[PDB]
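Next up: a single chain in structure tokens, the form deposited in one PDB entry.
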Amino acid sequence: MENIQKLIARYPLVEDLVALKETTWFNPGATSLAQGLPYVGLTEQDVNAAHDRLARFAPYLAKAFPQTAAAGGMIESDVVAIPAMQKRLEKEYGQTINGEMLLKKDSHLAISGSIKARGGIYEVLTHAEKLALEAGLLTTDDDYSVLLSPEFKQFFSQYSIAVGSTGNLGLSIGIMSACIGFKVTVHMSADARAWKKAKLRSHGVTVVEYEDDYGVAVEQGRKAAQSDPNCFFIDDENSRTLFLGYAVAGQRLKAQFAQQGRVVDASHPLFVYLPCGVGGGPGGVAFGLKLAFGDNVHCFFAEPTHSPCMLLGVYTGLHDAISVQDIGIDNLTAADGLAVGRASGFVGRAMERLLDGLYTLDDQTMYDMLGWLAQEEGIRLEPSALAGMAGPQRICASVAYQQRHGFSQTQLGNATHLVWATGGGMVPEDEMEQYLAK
């Protein structure tokens, strides 16, 4: 009634969300690592176990994917300085980026060039391990390169994987599963991009299309998998296994910074800008980053103006009890990996205290910056992977965010701004030329 409209008036940013206006929200309740940790429900030991499991699978990956052999079967991406892009952004948008801007190239991760691959590949491998252990065919002391044998491939070919996805997660699962031996079915909305559907279908992956949203595709994926004990559902909304897979990135990045001699501390703060779809990818990475760098890393989520599911969920405190469609937002965006109308739930509650803020940007901003990055640095990405690129200027422009955290412009001169590129390596020439044309 009158109280319901009094309640809504307490959440004025929702008006801007409905109006599709680019905005930024800084979390007034962002906490220390210690204060936020209990809400995650996962520990550093859980992350260490993920690291250990990837090291067990490293001989397998080195043999199966020889491009990783020099790194010993580790799947990791470059981190590069992008100073020409930094200057271009300053020219185009008229806001100084204090400090130094870098790009984390998960767009070019080996085997499958996406942030989602960190989790997808990890989950597939974790699941294969579980099946082999419980069949009494493997122990954690065995050399996991044995799993590449025709015998083990045959064993795994008895099983299937089901997954609801916008595209990239399915691609990474399909690629790893083909090697392991699993059959795959990807459940996806009709809204998903044609080229990602075609790429799965051309590689022996079953695609089930739904005349509904991503959320329905995931739920119908769940139901289909329940019928068959040999079918395993990878749950993009709920999987802690995916989450931990992404979290591996934290210590990897710290090691890279250590190699590059790059300092992160109170006087050299690290800011990280993460594209957000359902929240699993950016949430997991953020968790790993927080464990690695503590209170000196400051994480932000970036969403399309047409799909601000996580910002809406966190800002209202409703999380997954509300969707963007609930308030008239169409969930239609060129950032197809981020076209998720309802936030994870578990990520929202687990990670909100560990996020300094969340912001939105338009498709045109993503397209413009996509072109500029190619022009300035020679790096070609998909639209979703540009969501974090708007971040450094949102932060450097906000005097009041700097007020809240005891920063200044002078202090930010010592800052590192890390834009997390989430996809681009798997994009065909025809599709990339279309993105460059806007």
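Just so we're on the same page, rigid core means the largest C-alpha set that superposes within 1.5 Å between forms. We number the residues from 1 along the sequence you see.
There is another form of the same protein, the form deposited in another entry; it is not shown, and what comes next is about it.
Peer 1: Which of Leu332, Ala266, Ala190, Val263 has its C-alpha displaced by 2 Å or more between this form and the one not shown after core superposition?
Peer 2: Correct option: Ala190.
Peer 1: For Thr166, does the CA position differ by 2 Å or more between this form and the one not shown when the superposition is done on the rigid core?
Peer 2: Yes: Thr166 shifts by at least 2 Å between this form and the one not shown.
Peer 1: Taking 2 Å as the cut-off, check whether the CA of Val80 shifts that much or more between this form and the one not shown after a rigid core fit.
Peer 2: No, the C-alpha position differs by under 2 Å between this form and the one not shown.
Peer 1: Answer yes if the CA of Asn27 moves 2 Å or more between this form and the one not shown after aligning the rigid core, and no otherwise.
Peer 2: Where the cores coincide, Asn27 shows only a C-alpha shift between this form and the one not shown that is less than 2 Å.
Peer 1: Could you tell me whether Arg201 and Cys179 have their C-alpha atoms closer or farther apart in the other entry than in the shown form, knowing the shift is 3 angstroms or more?
Peer 2: The answer is closer, because the C-alphas of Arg201 and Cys179 approach each other in the other entry by 3 Å or more.
Peer 1: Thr166 and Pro282: their C-alpha distance differs by 3 angstroms or more in the other entry. Do they come closer or move farther apart compared with the shown form?
Peer 2: Farther apart in the other entry, by 3 Å or more.
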